[PDB]
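Just below is one structure, and these are the notes that go with it.
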Amino acid sequence: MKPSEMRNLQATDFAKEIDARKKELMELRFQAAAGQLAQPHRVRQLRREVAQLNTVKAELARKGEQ
RNA sequence: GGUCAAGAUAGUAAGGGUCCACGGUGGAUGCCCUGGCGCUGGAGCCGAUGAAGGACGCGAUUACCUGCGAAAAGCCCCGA
Ligand SMILES: [Mg+2]
Ligand SMILES: [Mg+2]
Ligand SMILES: [Mg+2]
Ligand SMILES: [Mg+2]
């Protein structure tokens, strides 16, 4: 989830959540390219999550150096 | 009436012409606005914190355009 769930965790946990998300996105690319990709949306959704992650760990890393 | 004779005149149009009817072509005309034009008034700088302008990308499907920039038709908080 966008706000809550992210900030509560460590910047070393972010790297992990990122990585796993990357991997799922690639799985979905293989599937899609082979067909069918029953749930397209998930792709975009995962994308968003990645963004959120990198936003948070950015924000936080600069708020802990405020 | 019939034969002959002398004389005169008609219709048929292969194609054309004038007019009428009915179409085709074509895009004038009328109506319209999603686009412009001028005037007045406002507002007036951007850039090494990387500009103006681009290239290549980002889409479930994406060639063009728009928006964006590997956090890629978008991510965070605030306000409506
Ligand atoms: Mg004829
Ligand atoms: Mg383009
Ligand atoms: Mg990056
Ligand atoms: Mg909001």
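Counting neighbours? That spans all protein chains shown, and the Cβs are built from the backbone with ideal geometry, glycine included. Throughout, read-outs are computed from the coordinates displayed, never taken from laboratory work.
Between the helical axis of A:41-63 and the longest alpha-carbon principal axis of chain A there is an angle of about 10 degrees.
Rounded to the nearest 20, the Cβ-based charge dipole of chain A about its Cα centre (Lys and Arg +1, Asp and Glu -1) stands at 200 debye. The distance between label points at A:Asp13 and A:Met26 comes to 2.5 nm (points 7 Å beyond Cα on the Cα→Cβ vector). Between helix A:11-34 and chain A there is an angle of about 10 degrees, using the helix long axis and the longest principal axis of the Cα atoms. Among the GluC sites (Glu not before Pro) in chain A, those located in a DSSP loop and surrounded by at most 11 other Cβ atoms within 10 Å of their own Cβ are A:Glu65.
Counting other Cβ atoms within 10 Å as a rough exposure proxy, the listed residues A:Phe30, A:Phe14 run A:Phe30, A:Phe14 from fewest neighbours to most.
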